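The basis for the numbers below is simple: all heavy atoms, side chains too, and nothing from hydrogens, waters or symmetry mates. First the proteins, then the strands, lettered A, B, ... as listed; each starts at 1.
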Amino acid sequence: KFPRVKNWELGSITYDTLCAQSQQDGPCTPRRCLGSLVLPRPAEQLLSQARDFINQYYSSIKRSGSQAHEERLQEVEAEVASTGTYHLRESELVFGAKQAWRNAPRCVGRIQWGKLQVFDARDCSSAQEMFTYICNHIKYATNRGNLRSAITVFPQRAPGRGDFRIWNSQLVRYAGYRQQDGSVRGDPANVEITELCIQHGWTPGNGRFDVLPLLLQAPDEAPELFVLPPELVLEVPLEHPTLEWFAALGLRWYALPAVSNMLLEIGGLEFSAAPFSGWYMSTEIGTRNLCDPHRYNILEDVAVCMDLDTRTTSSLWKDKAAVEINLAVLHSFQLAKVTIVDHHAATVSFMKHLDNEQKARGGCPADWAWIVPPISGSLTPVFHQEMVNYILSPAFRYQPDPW
Amino acid sequence: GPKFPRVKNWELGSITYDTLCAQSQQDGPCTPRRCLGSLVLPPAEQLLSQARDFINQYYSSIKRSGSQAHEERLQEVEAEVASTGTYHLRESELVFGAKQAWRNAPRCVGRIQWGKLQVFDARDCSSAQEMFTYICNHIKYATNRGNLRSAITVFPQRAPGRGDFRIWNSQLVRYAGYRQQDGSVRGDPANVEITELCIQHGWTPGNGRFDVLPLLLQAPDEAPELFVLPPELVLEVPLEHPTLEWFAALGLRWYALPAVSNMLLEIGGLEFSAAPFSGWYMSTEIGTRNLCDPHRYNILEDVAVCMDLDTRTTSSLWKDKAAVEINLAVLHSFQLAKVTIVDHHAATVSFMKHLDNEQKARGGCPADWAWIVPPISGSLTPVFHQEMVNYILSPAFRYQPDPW
Ligand code: HEM
Ligand code: HEM
Ligand SMILES: Fc1cccc(C[C@@H]2C[C@H]2NCCc2ccnc(-n3ccnc3)n2)c1
Ligand SMILES: Fc1cccc(C[C@@H]2C[C@H]2NCCc2ccnc(-n3ccnc3)n2)c1
Ligand SMILES: C[C@H](O)[C@H](O)[C@H]1CNc2nc(N)[nH]c(=O)c2N1
Ligand SMILES: C[C@H](O)[C@H](O)[C@H]1CNc2nc(N)[nH]c(=O)c2N1
Ligand SMILES: [Zn+2]
């Protein structure tokens, strides 16, 4: 039937009936659960996704059955019948983008879902125009450190025509320069994208925190290279509140977390270039970006600066170092007046969100393994909260790298 | 290419495929519509097919699959179920299935040790006094004065039209939880119910934070009887911190032996309702869950205050700091007292090795990511970065309803 969802800290029980409105399969079956996998392994179709979304939309503005509702359904119906596709009204698009964020099972920032600035960029016809749009998104979202959630939406995909794409996974990323002695200077996650940029004519640096250029691709054209104006890219030097040697490590991170390679699906329409940004949760930088073994991997360095017993695991040097690194990030962002949220405040707001959604929709799709932060899991309330995972539409999806 | 789940390690870039999951006979809670992977609690013909499957597992494991002894044992079991409705396991079959149930347990991070398990056959036990004796023997052997040893004691199987053997307590060692007149709980809140049950059954209760509970043991079709463990059998470790000298003054302690006693051990359709097993602790079980869960001892605020942290703002990471020191204290104290313990780094490293071993041996390993990843320092350990497939294999350990 419907999943009984229990919170083990409070003894409380909800029933998820929102999951019944899932029209898309996930990776699991009764025989085996694949919930920990990061990636996923005619015109009547399109028409029904379209009607469904238009229905959601008119329900959202409390105008179901009305004249504008009926008329909008026929517009969509007439357009698909004749051209095999259709187009969204700006207001529908705004609604759709907001629902997509709201439906995102991995996002711990969804308390904010109704407060999203949506830029319509569907009147874009060149890489160069994409660059102008992207720069404005960055300026707006960054806002001198008082970060604001934004999405910019580029022209949808069209049958038998290449996609608009941003090649970079994030609008802001540090280069990863593969040294021929195996090692990597900079961010190992970005070795491939850095190499692509160089091949398309970028003059490379030799630092650990070199901001990449963007490769933008207008349909069926080679990607073009655009160096972002340094004044648009706000960064925070990292220093520790009590450990005065920490700043000497020469660490920094950018302020704007903007995903640029995910696909946005609304009403059966697909937007292959639709970068979005909010603000960082501190553990994203402090734990994953700086401490992941296959990223900057600074745990041992900091642990030695703290004069810790690296010899054995049981001294918990790793854990001690990690906490200070995360503390340094929160302190540094706070000192620079750049918006940040720690994992405790984050998960506390997420619980409140689960509650809002239970009353609003009868449930909330959430991915436990992603919502629970990378350190201090059970210290946060989400750890103790059962969650149901499923795919609702509108939705953000992964898509292949365009190369 | 391959028609089996693809499994990736994101730290190392390595790919595997799980073919073992194909052997799964029991469905879990998930469907294509929704993932319920994070939920904690999600006929002779029937028996025969389960039994045949197990005897096949057994003969495969001794490499006599297809043999005469194999086909004979099958006929023996089929003929035994024929005249009685049940069958019985040979001793070494019981040992194999006990070890295979542990090896199959998706939630257990200690499975590297699965081959080294002492199996105490107690299928001759006929009273509650006898259960207590066997349990005491288990505690003595498993504890081994601090040099801990994996063990399980198997009591008689469920029998048609006859009451189960049951240990009412969830563990062999558990602290009491006394509900106060002011609504609070003294001791361990996890154990309020079992505590009140012990009292109802005649236990004279203490009033400490760390009172060991008596066992409520139940022989077929009999009321449970109460048994107090002799204190010298129950090894405890006082908790101190290696540098913070005041930590020892908190008066915190924990027992050495983690022994689960309310789980049902299923082998070839046969159900062993009382089959307590024990290993040694992974340090975060004590330091993070037992000592810091809000609904357990909840000492995080206490420790933080002592460390002089700013408990008024989340962004001080005072929870994170205190939690680290509490885990360090758990480790340091067990080490100092020479009681076996494994930290969450060492444990996960060893579990990675287990996965590699099982990949070669069985072509996969069922594993519950939410339960394998530790409750602090998640992405600091390698299993965080390891994708896992979860499914039910048999023989298996299973949750069972509480006897009352
Ligand atoms: C406003 C502050 C926000 C915070 C604090 C936040 C937090 C997070 C975090 C921690 C993750 C996990 C990502 C990872 O660790 O790789 C995530 C993922 C995600 N977020 Fe946000 N988020 C915010 C805003 C937004 C916005 C504005 C959108 C889109 C409109 C969004 C959509 C998503 C999606 C689709 C994912 C999944 C990404 C993936 O599967 O790789 N979030 N969020
Ligand atoms: C040898 C050292 C062992 C270690 C370090 C270990 C570690 C763990 C840990 C950390 C858990 C998670 C439980 C929780 O967080 O509440 C667990 C669960 C489990 N273990 Fe072990 N274990 C060990 C031995 C054993 C043995 C000997 C058996 C059985 C013969 C066993 C069977 C299980 C089962 C069935 C679970 C799942 C419990 C549940 O779902 O409630 N383990 N183990
Ligand atoms: F190679 C890969 C294949 C699949 C997933 C992967 C990691 C996922 C991309 C990361 N998911 C988003 C990470 C991120 C970065 C910056 N900002 C945000 N962000 C912004 C708002 N909400 C999240 N997310 C790598
Ligand atoms: F109220 C509840 C309902 C369902 C599950 C829950 C937590 C699971 C009991 C805990 N799982 C066993 C915990 C445990 C304790 C002591 N030792 C061991 N142990 C020993 C060897 N391997 C594990 N596990 C509470
Ligand atoms: C294998 C595992 O599922 C994978 O590493 C996941 C776990 N949870 C995560 N959670 C967040 N927030 N971000 C991640 O990249 C991941 N990775
Ligand atoms: C809701 C969630 O599934 C629950 O809190 C789980 C998460 N992971 C766990 N992991 C372990 N090892 N032990 C547990 O009791 C739990 N509890
Ligand atoms: Zn699942």
Picking from [options], which has the most non-hydrogen pairs under 4.5 angstrom with chain B?
options	value
A:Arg288, A:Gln385, A:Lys6	A:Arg288
A:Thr312, A:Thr283, A:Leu330	A:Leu330
A:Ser314, A:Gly377, A:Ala366	A:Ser314
A:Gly26, A:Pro241, A:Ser22, A:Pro381	A:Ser22

So, do [X] and [Y] sit near enough that their side-chain heavy atoms are less than 4.5 Å apart?
X	Y	result
B:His344	A:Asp319	yes
A:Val388	B:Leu36	yes
A:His384	B:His295	yes
B:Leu41	A:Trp8	yes

Got more than 12 heavy atoms from elsewhere within 6.0 Å of [atom1], [X]?
X	atom1	result
A:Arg106	CZ	yes
A:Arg41	CZ	yes
A:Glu9	CD	yes
B:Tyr17	OH	yes
A:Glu195	CD	yes
A:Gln358	CD	yes

Examine whether an atom of [X] lies under 4.5 Å from a heavy atom of chain A, and if so say whether it belongs to the side chain, the backbone or both; otherwise answer neither.
X	answer
B:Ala22	backbone
B:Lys319	both
B:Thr381	neither
B:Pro294	side chain
B:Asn327	both
B:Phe334	neither
B:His332	neither
B:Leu380	both
B:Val342	neither

Heavy-atom proximity to chain B below 4.5 Å, by part of [X]:
X	value
A:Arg4	backbone
A:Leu299	side chain
A:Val348	neither
A:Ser315	backbone
A:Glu324	side chain

Please round to the nearest 0.5 Å and tell me the distance separating atom [atom1] of [X] and atom [atom2] of [Y].
X	Y	atom1	atom2	value
A:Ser36	B:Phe384	OG	CZ	11.0 Å
A:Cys33	B:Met388	SG	CE	12.0 Å
A:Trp317	B:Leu328	CH2	CG	14.5 Å
B:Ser379	A:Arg295	OG	CZ	11.0 Å

Show the numbers, then the answer: is there a side-chain contact (heavy atoms from CB on, under 4.5 Å) between A:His344 and B:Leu317?
CA-CA 8 Å; A:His344 299 291; B:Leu317 300 196; 3.9 Å; yes
If you count heavy-atom pairs within less than 4.5 Å of chain A, which of B:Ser283, B:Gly13, B:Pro375 leads?
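The candidate making the most pairs under 4.5 Å is B:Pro375.
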Intermediate values then yes/no, side-chain contact (heavy atoms from CB on, under 4.5 Å), A:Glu386 and B:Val40:
CA-CA 8 Å; A:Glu386 293 177 353; B:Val40 176; 3.8 Å; yes
Between the side chains of A:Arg31 and B:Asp27, is the shortest nitrogen-to-carboxylate-oxygen separation below 4.0 Å, so that they form an ion pair?
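Looking at A:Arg31 together with B:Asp27, the answer is no, because their closest N to O distance does not fall below 4.0 Å.
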Show the numbers, then the answer: is there a side chain to side chain donor-acceptor pair (under 3.5 Å) between B:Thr314 and A:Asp342?
CA-CA 7 Å; B:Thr314 60; A:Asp342 65 68; 2.7 Å; yes
